[PDB]
file structure06.cif (mmCIF, C-alpha atoms and all ligand atoms)
data_my_file
#
loop_
_atom_site.group_PDB
_atom_site.id
_atom_site.type_symbol
_atom_site.label_atom_id
_atom_site.label_comp_id
_atom_site.auth_asym_id
_atom_site.auth_seq_id
_atom_site.Cartn_x
_atom_site.Cartn_y
_atom_site.Cartn_z
ATOM 1 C CA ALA H 1 53.084 -10.733 25.349
ATOM 2 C CA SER H 2 50.336 -9.120 23.286
ATOM 3 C CA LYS H 3 47.653 -11.489 22.034
ATOM 4 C CA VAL H 4 46.447 -11.673 18.439
ATOM 5 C CA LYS H 5 44.202 -8.805 17.322
ATOM 6 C CA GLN H 6 42.440 -9.067 13.964
ATOM 7 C CA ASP H 7 39.077 -8.130 12.476
ATOM 8 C CA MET H 8 36.539 -10.433 14.137
ATOM 9 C CA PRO H 9 32.811 -10.202 14.855
ATOM 10 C CA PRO H 10 31.854 -8.966 18.327
ATOM 11 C CA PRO H 11 30.968 -11.560 20.979
ATOM 12 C CA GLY H 12 27.448 -12.891 20.585
ATOM 13 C CA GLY H 13 27.395 -11.987 16.907
ATOM 14 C CA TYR H 14 25.846 -9.200 14.885
ATOM 15 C CA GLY H 15 22.211 -8.126 15.041
ATOM 16 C CA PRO H 16 19.765 -9.975 12.777
ATOM 17 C CA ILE H 17 19.549 -8.731 9.197
ATOM 18 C CA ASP H 18 16.269 -8.385 7.310
ATOM 19 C CA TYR H 19 16.114 -10.001 3.877
ATOM 20 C CA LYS H 20 12.446 -10.921 3.307
ATOM 21 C CA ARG H 21 10.504 -8.908 0.752
ATOM 22 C CA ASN H 22 8.469 -6.148 2.425
ATOM 23 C CA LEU H 23 5.644 -4.876 0.185
ATOM 24 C CA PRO H 24 2.905 -3.681 2.560
ATOM 25 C CA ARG H 25 -0.680 -3.336 1.374
ATOM 26 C CA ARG H 26 -1.840 0.256 1.851
ATOM 27 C CA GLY H 27 -5.478 -0.791 2.119
ATOM 28 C CA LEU H 28 -8.573 0.342 0.237
ATOM 29 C CA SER H 29 -11.155 -1.927 -1.381
ATOM 30 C CA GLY H 30 -12.124 -1.710 -5.035
ATOM 31 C CA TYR H 31 -15.742 -1.318 -3.954
ATOM 32 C CA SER H 32 -14.719 1.667 -1.824
ATOM 33 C CA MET H 33 -12.750 3.268 -4.671
ATOM 34 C CA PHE H 34 -15.636 2.853 -7.111
ATOM 35 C CA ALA H 35 -18.029 4.248 -4.495
ATOM 36 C CA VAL H 36 -15.828 7.321 -3.997
ATOM 37 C CA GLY H 37 -15.679 7.882 -7.752
ATOM 38 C CA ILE H 38 -19.444 7.564 -8.156
ATOM 39 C CA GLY H 39 -20.071 9.850 -5.185
ATOM 40 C CA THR H 40 -17.828 12.620 -6.468
ATOM 41 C CA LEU H 41 -19.410 12.273 -9.923
ATOM 42 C CA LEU H 42 -22.889 12.636 -8.407
ATOM 43 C CA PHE H 43 -21.876 15.670 -6.341
ATOM 44 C CA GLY H 44 -20.402 17.349 -9.414
ATOM 45 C CA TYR H 45 -23.516 16.506 -11.425
ATOM 46 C CA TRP H 46 -25.805 18.098 -8.834
ATOM 47 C CA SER H 47 -23.687 21.241 -8.452
ATOM 48 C CA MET H 48 -23.485 21.716 -12.217
ATOM 49 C CA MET H 49 -27.238 21.080 -12.478
ATOM 50 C CA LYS H 50 -27.894 24.009 -10.161
ATOM 51 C CA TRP H 51 -25.322 26.284 -11.792
ATOM 52 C CA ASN H 52 -26.523 25.568 -15.338
ATOM 53 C CA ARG H 53 -30.147 26.262 -14.411
ATOM 54 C CA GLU H 54 -29.060 29.579 -12.890
ATOM 55 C CA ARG H 55 -27.121 30.338 -16.084
ATOM 56 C CA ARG H 56 -30.241 29.609 -18.144
ATOM 57 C CA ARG H 57 -32.186 32.106 -16.038
ATOM 58 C CA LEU H 58 -29.445 34.727 -16.453
ATOM 59 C CA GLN H 59 -29.377 34.243 -20.231
ATOM 60 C CA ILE H 60 -33.163 34.589 -20.357
ATOM 61 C CA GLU H 61 -32.889 37.863 -18.420
ATOM 62 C CA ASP H 62 -30.293 39.198 -20.868
ATOM 63 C CA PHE H 63 -32.563 38.210 -23.760
ATOM 64 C CA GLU H 64 -35.456 40.027 -22.072
ATOM 65 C CA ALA H 65 -33.361 43.197 -21.848
ATOM 66 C CA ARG H 66 -32.368 42.930 -25.512
ATOM 67 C CA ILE H 67 -36.016 42.449 -26.511
ATOM 68 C CA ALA H 68 -36.964 45.550 -24.521
ATOM 69 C CA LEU H 69 -34.243 47.603 -26.226
ATOM 70 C CA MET H 70 -34.896 46.307 -29.763
ATOM 71 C CA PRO H 71 -37.648 48.663 -31.099
ATOM 72 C CA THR T 1 16.101 -25.931 -0.609
ATOM 73 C CA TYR T 2 14.367 -23.924 -3.335
ATOM 74 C CA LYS T 3 11.659 -21.270 -3.554
ATOM 75 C CA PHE T 4 8.979 -20.469 -6.122
ATOM 76 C CA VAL T 5 8.925 -16.871 -7.348
ATOM 77 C CA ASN T 6 5.832 -16.885 -9.588
ATOM 78 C CA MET T 7 3.717 -19.824 -8.419
ATOM 79 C CA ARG T 8 0.731 -17.886 -7.061
ATOM 80 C CA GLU T 9 -2.837 -18.324 -8.297
ATOM 81 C CA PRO T 10 -5.122 -15.256 -8.222
ATOM 82 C CA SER T 11 -8.429 -15.689 -6.428
ATOM 83 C CA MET T 12 -11.537 -15.803 -8.619
ATOM 84 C CA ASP T 13 -14.172 -14.615 -6.149
ATOM 85 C CA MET T 14 -16.140 -11.465 -6.908
ATOM 86 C CA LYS T 15 -14.238 -9.270 -4.446
ATOM 87 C CA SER T 16 -10.822 -10.199 -5.865
ATOM 88 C CA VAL T 17 -11.986 -9.713 -9.462
ATOM 89 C CA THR T 18 -13.473 -6.332 -8.541
ATOM 90 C CA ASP T 19 -10.204 -5.376 -6.836
ATOM 91 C CA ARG T 20 -8.223 -6.289 -9.953
ATOM 92 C CA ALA T 21 -10.674 -4.372 -12.158
ATOM 93 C CA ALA T 22 -10.338 -1.326 -9.898
ATOM 94 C CA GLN T 23 -6.560 -1.648 -10.206
ATOM 95 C CA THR T 24 -6.846 -1.837 -14.003
ATOM 96 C CA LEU T 25 -9.226 1.121 -14.322
ATOM 97 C CA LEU T 26 -7.950 3.510 -11.621
ATOM 98 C CA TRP T 27 -4.182 2.833 -11.964
ATOM 99 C CA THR T 28 -3.452 2.092 -8.312
ATOM 100 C CA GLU T 29 0.044 0.612 -8.683
ATOM 101 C CA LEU T 30 1.042 3.507 -10.938
ATOM 102 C CA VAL T 31 0.029 5.841 -8.110
ATOM 103 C CA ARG T 32 2.077 3.704 -5.710
ATOM 104 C CA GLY T 33 5.160 4.119 -7.898
ATOM 105 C CA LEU T 34 4.499 7.851 -8.131
ATOM 106 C CA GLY T 35 4.278 8.005 -4.343
ATOM 107 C CA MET T 36 7.564 6.141 -3.968
ATOM 108 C CA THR T 37 9.277 8.623 -6.290
ATOM 109 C CA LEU T 38 7.652 11.619 -4.557
ATOM 110 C CA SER T 39 8.798 10.396 -1.152
ATOM 111 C CA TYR T 40 12.242 9.744 -2.531
ATOM 112 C CA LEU T 41 12.508 13.352 -3.756
ATOM 113 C CA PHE T 42 12.072 14.840 -0.265
ATOM 114 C CA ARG T 43 15.166 13.123 1.167
ATOM 115 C CA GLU T 44 18.708 14.470 1.186
ATOM 116 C CA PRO T 45 20.791 13.717 -1.936
ATOM 117 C CA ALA T 46 24.032 11.747 -1.862
ATOM 118 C CA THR T 47 26.063 14.199 -3.966
ATOM 119 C CA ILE T 48 29.318 15.585 -2.575
ATOM 120 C CA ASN T 49 30.757 18.963 -3.564
ATOM 121 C CA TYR T 50 33.791 17.989 -5.599
ATOM 122 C CA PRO T 51 36.517 19.256 -5.732
ATOM 123 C CA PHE T 52 35.863 20.959 -2.396
ATOM 124 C CA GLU T 53 34.861 17.570 -0.954
ATOM 125 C CA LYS T 54 36.587 14.279 -1.738
ATOM 126 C CA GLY T 55 35.535 10.649 -1.758
ATOM 127 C CA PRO T 56 36.758 8.396 1.044
ATOM 128 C CA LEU T 57 39.944 6.409 0.515
ATOM 129 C CA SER T 58 42.107 3.844 2.325
ATOM 130 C CA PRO T 59 45.797 3.548 3.245
HETATM 131 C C1 LIG H 101 -23.668 6.662 -11.898
HETATM 132 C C2 LIG H 101 -23.311 7.342 -13.219
HETATM 133 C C3 LIG H 101 -21.821 7.259 -13.528
HETATM 134 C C4 LIG H 101 -21.546 6.918 -14.990
HETATM 135 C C5 LIG H 101 -20.460 5.853 -15.130
HETATM 136 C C6 LIG H 101 -19.055 6.402 -14.886
HETATM 137 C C7 LIG H 101 -18.180 5.411 -14.110
HETATM 138 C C8 LIG H 101 -16.707 5.470 -14.522
HETATM 139 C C9 LIG H 101 -15.968 4.167 -14.211
HETATM 140 C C10 LIG H 101 -14.786 3.914 -15.149
HETATM 141 C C11 LIG H 101 -13.899 5.147 -15.333
HETATM 142 C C12 LIG H 101 -12.428 4.784 -15.538
HETATM 143 C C13 LIG H 101 -11.868 5.325 -16.854
HETATM 144 C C14 LIG H 101 -10.449 5.878 -16.706
HETATM 145 C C15 LIG H 101 -9.517 5.408 -17.827
HETATM 146 C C16 LIG H 101 -9.312 3.890 -17.804
HETATM 147 C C17 LIG H 101 -8.532 3.387 -19.022
HETATM 148 C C18 LIG H 101 -7.736 2.116 -18.702
HETATM 149 O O1 LIG H 101 -7.941 1.524 -17.705
HETATM 150 O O2 LIG H 101 -6.764 1.651 -19.596
HETATM 151 C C19 LIG H 101 -5.708 0.956 -18.994
HETATM 152 C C20 LIG H 101 -4.380 1.571 -19.437
HETATM 153 O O3 LIG H 101 -4.019 2.589 -18.546
HETATM 154 C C21 LIG H 101 -2.659 2.910 -18.601
HETATM 155 O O4 LIG H 101 -1.859 2.044 -18.671
HETATM 156 C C22 LIG H 101 -2.195 4.369 -18.582
HETATM 157 C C23 LIG H 101 -0.836 4.530 -17.898
HETATM 158 C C24 LIG H 101 0.018 5.638 -18.521
HETATM 159 C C25 LIG H 101 1.022 6.221 -17.524
HETATM 160 C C26 LIG H 101 0.464 7.437 -16.776
HETATM 161 C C27 LIG H 101 0.692 7.338 -15.266
HETATM 162 C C28 LIG H 101 -0.614 7.407 -14.474
HETATM 163 C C29 LIG H 101 -0.533 8.383 -13.301
HETATM 164 C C30 LIG H 101 -0.603 9.836 -13.751
HETATM 165 C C31 LIG H 101 -1.672 10.627 -13.006
HETATM 166 C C32 LIG H 101 -2.997 10.690 -13.753
HETATM 167 C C33 LIG H 101 -3.722 12.006 -13.497
HETATM 168 C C34 LIG H 101 -5.168 11.985 -13.980
HETATM 169 C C35 LIG H 101 -5.867 13.325 -13.791
HETATM 170 C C36 LIG H 101 -5.416 14.376 -14.803
HETATM 171 C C37 LIG H 101 -6.141 15.708 -14.609
HETATM 172 C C38 LIG H 101 -5.999 16.623 -15.822
HETATM 173 C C39 LIG H 101 -5.825 -0.521 -19.381
HETATM 174 O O5 LIG H 101 -4.601 -1.021 -19.850
HETATM 175 P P1 LIG H 101 -4.072 -2.472 -19.267
HETATM 176 O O6 LIG H 101 -4.132 -2.470 -17.761
HETATM 177 O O7 LIG H 101 -2.651 -2.701 -19.712
HETATM 178 O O8 LIG H 101 -5.038 -3.676 -19.853
HETATM 179 C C40 LIG H 101 -5.316 -3.704 -21.230
HETATM 180 C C41 LIG H 101 -5.320 -5.160 -21.696
HETATM 181 N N1 LIG H 101 -6.656 -5.724 -21.616
#

call {"tool": "encode", "arguments": {"input": "structure06.cif", "output": "structure tokens"}}
result
Amino acid sequence: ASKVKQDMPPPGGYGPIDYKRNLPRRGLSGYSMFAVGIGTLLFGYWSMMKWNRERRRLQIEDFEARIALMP
Amino acid sequence: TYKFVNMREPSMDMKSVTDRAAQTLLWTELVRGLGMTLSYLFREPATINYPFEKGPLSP
């Protein structure tokens, strides 16, 4: 009466299975990376230029006050 | 049929050499591995709460 019933794949088979290596390239050129590094270095250099000159002026002002108080 | 696993030849043009030098100096693949680990932290763990939860079995 009852037909055979055992573990079999479904009709038409299973869905395709991926096996190829998948290592995508994120994407950024070495020239671009070096340019970003140089640009951030230059920006830091300029900002610290300005801040260090201001610090020199502040130190000179403190020295002026000390000179005034010295006698 | 057979495949080659390590039979690639790196390009010797200026752009490729600069790319490899940028990789050497800025540690790009190390950052890629760090990113893989960081992403893998933010996913749910596979640990079950034994003995309150039990591993699957079969008849
Ligand atoms: C216009 C004026 C500008 C003046 C010029 C300035 C330009 C600067 C350009 C170059 C700067 C790059 C220097 C940075 C250090 C590079 C050193 C280096 O590349 O050494 C590596 C080695 O580097 C390493 O392997 C270190 C890896 C150690 C593991 C650490 C993981 C790295 C990721 C952690 C995050 C780093 C965070 C950095 C910021 C910290 C902030 C406190 C070479 O080794 P190999 O590739 O094996 O080749 C040698 C055989 N010939």

call {"tool": "closest_atom_pairs", "arguments": {"input": "structure06.cif", "of": "chain T", "to": "ligand LIG 101 (chain H)", "cutoff": "12 Å", "atoms": "only C-alpha atoms and all ligand atoms", "output": "CSV"}}
result
residue,atom,partner,partner_atom,distance
T:20,CA,H:LIG101,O6,9.6
T:21,CA,H:LIG101,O1,8.5
T:22,CA,H:LIG101,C12,8.6
T:23,CA,H:LIG101,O6,8.0
T:24,CA,H:LIG101,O6,4.7
T:25,CA,H:LIG101,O1,3.6
T:26,CA,H:LIG101,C12,6.1
T:27,CA,H:LIG101,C28,6.3
T:28,CA,H:LIG101,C29,8.5
T:29,CA,H:LIG101,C28,9.0
T:30,CA,H:LIG101,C28,5.5
T:31,CA,H:LIG101,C29,5.8
T:32,CA,H:LIG101,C29,9.3
T:33,CA,H:LIG101,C29,8.9
T:34,CA,H:LIG101,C29,7.2
T:35,CA,H:LIG101,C29,10.2

call {"tool": "atom_distance", "arguments": {"input": "structure06.cif", "atom1": "atom CA of residue H:56", "atom2": "atom CA of residue H:70"}}
result
20.9 Å

call {"tool": "interface_residues", "arguments": {"input": "structure06.cif", "of": "chain H", "to": "chain T", "cutoff": "9 Å", "atoms": "only C-alpha atoms", "output": "PyMOL selection string"}}
result
chain H and resi 29-31+33-34

call {"tool": "atom_distance", "arguments": {"input": "structure06.cif", "atom1": "atom CA of residue T:14", "atom2": "atom CA of residue H:27"}}
result
17.6 Å
